[PDB]
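Given as structure tokens, the chain that follows is alone and in the form deposited in one PDB entry.
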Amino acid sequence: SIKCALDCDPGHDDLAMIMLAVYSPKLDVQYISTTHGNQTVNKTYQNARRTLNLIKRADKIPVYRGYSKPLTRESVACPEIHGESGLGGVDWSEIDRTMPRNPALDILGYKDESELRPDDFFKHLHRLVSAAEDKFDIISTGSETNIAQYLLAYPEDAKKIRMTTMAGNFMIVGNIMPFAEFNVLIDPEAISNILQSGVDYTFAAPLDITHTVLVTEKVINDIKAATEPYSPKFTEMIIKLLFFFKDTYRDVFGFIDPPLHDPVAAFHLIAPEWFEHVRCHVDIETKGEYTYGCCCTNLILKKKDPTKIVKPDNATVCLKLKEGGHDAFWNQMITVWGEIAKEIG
């Protein structure tokens, strides 16, 4: 079993990722840290805890509320995709009202949530990094501000951190900006810092991959088949969240079926075998006026003139799923949804 932490900004797809990571027996989630991105970090905190409560885990997994804005830029949310709440599609009154105390507070010695501070997670992560036999796994699927901040406070830990991310676009264009992907552009300095720090970094789920991991009619019916027998209430919840995500992806980006981005990065930690991988140098544009967040690589230059590479590698890039990859991913995701529905009843 692999001990890991999740850094995320839920967000419908982060919701899916938490489910997979928390319930996969291959992963052992230590905590969740929320960031700014799809919404304000206060909402993404609340949304991680809602995800956990729905899956009967809100009193088991500590959740930390992290940094509210990027290193050197202004926050940019994405209600256009994820609603003003960050998890549109459903009424969360019941989940909010039955929310157990956050075990993070116990760890921190806090009476209540008003004491939560962005750097709360630091000491917990540092214990996990120290304890790790090789490297400690972080899955990051929102802005990567929190990890940048950690590394600024703990630079000596970078070499013992392994990042597995949903971020970027390489061989296809971006989404919220022409050539850049949301998670990078909202704080490119963060990812630029991380790449230079000594972290072992994997672009596990760029749009390149995530734009082929779509929530089709076939997926929706497999979900209902795995869940409706055990928990109609849970079916209703997860379907509505996915339909809301679909509708905005259609109205905003023309997509017929929406991409379920973030679980794919958890899937990479669960089962790396399903992914193509290439080592390269990734530069994050920070100076560009219209192109900040662009992930610019030396892949062309290796292919052209291989033995003249100036810059050393600083990342793994996953451009495609290997054969059977899409199937492997959905079976793992739908099995988790089926187990969740069992626990809920």
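Just count from 1 along the sequence shown to find any residue number. Rigid core: the largest C-alpha set superposing within 1.5 Å between the two forms.
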property	result
Residue gap status of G293, at least a third of other entries	no
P306: gap in at least one third of other compared structures	yes
Mean C-alpha temperature factor, higher of 154-162 and 185-193	154-162
Of 40-48 and 307-315, the stretch whose C-alpha atoms average the higher B-factor in the entry	307-315
Among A204, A131, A180, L116 - the residue whose C-alpha B-factor is largest in the record	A131
Out of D120, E236, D208, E144, highest CA B-factor residue	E236
Chain third (lowest, middle, highest) by recorded CA B-factor, residue given as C4	middle
For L87, the third of its chain into which the C-alpha B factor falls	lowest
Record-listed C-alpha B factor of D283: chain third	middle
CA B-factor ranking of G174, expressed as a third of its chain	lowest
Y230, C-alpha B-factor rank within chain (lowest, middle or highest third)	highest
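In what follows, reference is made to the form deposited in another entry, a form of this protein that is not presented.
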property: Conformational change between this form and the one not shown, one of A131, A153, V252, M171, C-alpha moving 2 Å or more after core fit; result: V252
property: Large Cα move at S231 between this form and the one not shown, threshold 2 Å, rigid core; result: no
property: Core superposition between this form and the one not shown, C-alpha change of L116 at least 2 Å; result: no
property: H82 C-alpha relocation of at least 2 Å between this form and the one not shown, rigid core basis; result: yes
property: Inter-Cα distance between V29 and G83 in the other entry, nearer or further [3 Å or more]; result: farther
property: In the other entry, shift in Cα separation for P79 relative to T210, 3 Å or more; result: farther
